[PDB]
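> Can you look at this? It's an experimental structure, sequence on top.
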Amino acid sequence: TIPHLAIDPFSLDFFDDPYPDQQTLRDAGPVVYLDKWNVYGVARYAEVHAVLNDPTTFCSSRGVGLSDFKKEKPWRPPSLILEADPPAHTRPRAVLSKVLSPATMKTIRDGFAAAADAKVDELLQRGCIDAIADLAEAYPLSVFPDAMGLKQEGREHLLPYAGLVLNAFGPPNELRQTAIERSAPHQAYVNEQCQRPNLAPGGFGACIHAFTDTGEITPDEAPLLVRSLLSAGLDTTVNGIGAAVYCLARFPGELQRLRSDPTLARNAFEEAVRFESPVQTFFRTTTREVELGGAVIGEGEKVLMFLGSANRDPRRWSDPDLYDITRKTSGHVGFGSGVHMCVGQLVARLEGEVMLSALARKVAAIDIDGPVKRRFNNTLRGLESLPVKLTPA
Ligand code: HEM
Ligand SMILES: CC(=O)[C@@](C)(O)c1ccc(C(=O)O)cc1
Ligand SMILES: [Cl-]
């Protein structure tokens, strides 16, 4: 009943160009079986959305990587929010949404925007830059660690740790196992900064620790919640902003529209998240035999969702393969959906918005002027290097 496919969605060939294999996965059926890793797969919008919005049947407390925490020891203590189910998930989730709240954005927006404008001015002085290292990486590095309240020393561990975490959701391929080796220094840095004395006052970190008073989290839970933000708060935003710049470089008509109305900046970023979906995939585990679409999945089975595929499903999107900064993106799953929906989405959107606004107002053209280097990661899609010529407006 369920088609079996030999596609390895964690192979370098797949990462290099996933779109054809994603149409094959969508068109094979609403539920496929991936013989390479003995997991179920869902690549259409409808089933991806369904799985994300049934956390009782498709749980996260058995890990959202390939590994089943019921069967193997997690490579690090489980995240209290990503790798938890309701009700244990609920109060830690509420703390993080209050920490990363609409009201919190008001306190950081002006500083994030001035830093975005200053970076674009700096890049315009150099002209030929790497839109990854000099922009997509540099800008979030210039605002997020400080907003966390992190000290200056050791920030070089942050991006390596984030890439490890994302690779670790993957199967035990050499990307993952090489990341887990080589990981000890990054883990020790990150874990130490999660301790209250190391988090500057007013920052996101100290704000998490300040919620240990309410009955929502206990003091021994606060370091792991800080770890969550240091795990998830940087690399995807870098690659989301990298995606947007890449899109504007490949679709000059869209840059011209953005320049003509910079208030499109926020939706231009949202569309880049749909179009390139920095978080490509992750898993749920069935707590129960379930009929998904029209297929039966046993208990205790890993289910791989293809978020980027669902965001390009022609069953849900008109011209899914076009970057359209005026598209109604509402409903894309680039930030997930349901109870785990990205709790840091307001920070990502703010960072992406103020950067695209700075470019919208200051840049006339973005031309690729060197070899584009892709990043290969078991769950992240993004760029290693994106040489561009920025022409000032
Ligand atoms: C473009 C940038 C980002 C993308 C594409 C993204 C993507 C996602 C996705 C798809 C999920 C759902 C995971 C699941 O359902 O299992 C998620 C959850 C999460 N994200 Fe984001 N994220 C981004 C930025 C951020 C930022 C800036 C932060 C923190 C400042 C953050 C922190 C988190 C956390 C803690 C979770 C777990 C939420 C939960 O389990 O309730 N992310 N992210
Ligand atoms: C899988 C995902 O969506 C991502 C990358 O944003 C994420 C990574 C780690 C955590 C955590 O709690 O440590 C939360 C989210
Ligand atoms: Cl860790």
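Right, received. Where do you want to start? Numbering: from 1, shown residues only. Ligands and ions are numbered 1, 2, ... in the order given.

> got the contact list for residue 111?
Contact analysis of residue 111 by CB atoms under 8 Å, 6 or more residues apart in numbering lists residue 143. Quick note: C-beta positions are derived from backbone N, CA and C, even for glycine.

> Pull the number of nearby residues for the residue nearest to residue 90 when sequence neighbours are not counted.
In space, and not counting its chain neighbours, residue 90 is closest to residue 339: 8.0 Å by CB to CB, 6 or more residues apart in numbering. Neighbours of residue 339 under the rule other CB atoms under 10 Å: 15.

> Could you tell me which residues of the stretch 151-300 of the chain lie near ligand 3?
Within the stretch 151-300 of the chain, the positions near ligand 3 by CB under 5 Å from the ion are residue 187.

> What segments of the stretch 151-300 of the chain are strands?
Assigned by DSSP state E, counting those that start in this stretch, the strands in the stretch 151-300 of the chain fall at 281-286, 290-292, 295-297.

> thinking again about what came up before, ok, the residue nearest to residue 90 - contacts?
Residues near residue 339 by CB under 8 Å, 6+ apart: 55, 86, 89-90, 93.

> Mark which of those are buried, thanks.
For the contacts of residue 339, a neighbour count by 16 or more other CB atoms under 10 Å gives the buried set as 55, 89, 93.

> Out of those residues, list just those in helices.
Here DSSP state H is the test, and those give residue 93 as lying in helices.

> Next, format the buried ones among the contacts of residue 339 as TSV and append distance to residue 349.
Output for the buried ones among the contacts of residue 339, formatted as TSV (distance: CB to CB, whole Å):
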residue	distance to residue 349
55	24
89	23
93	18
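
> Filter the buried ones among the contacts of residue 339 to keep only those in contact with ligand 1.
Applying CB under 6 Å from any ligand atom, the subset of the buried ones among the contacts of residue 339 adjacent to ligand 1 comprises residue 93.

> Identify, from the buried ones among the contacts of residue 339, the entry nearest to residue 302.
Nearest to residue 302 among those, counting by CB to CB, is residue 55 at 15.2 Å.

> correct me, but that closest one touches residue 86?
Yes. Using CB atoms under 8 Å, residue 55 is in contact with residue 86, at 6.4 Å.

> Report the contact partners of residue 391.
Here residue 391 is in contact with 363-367 (CB under 8 Å, 6+ apart).

> ok so, going back, can you narrow the contacts of residue 339 to ones near ligand 3?
Among the contacts of residue 339, proximity to ligand 3 is found for none (CB under 5 Å from the ion).

> Tell me the one among those nearest to residue 343.
Relative to residue 343, the closest of these is residue 93; by CB to CB it sits at 6.4 Å.

> I'd like the distance between the closest one and residue 52.
Here residue 93 is placed at a distance of 15 Å from residue 52 (CB to CB, to the nearest Å).

> Just give me the neighbour total for the closest residue to residue 324 other than its chain neighbours.
Leaving aside its chain neighbours, residue 324 sits nearest to residue 271 (6.2 Å; criterion: CB to CB, 6+ apart). By other CB under 10 Å, 26 other residues sit near residue 271.
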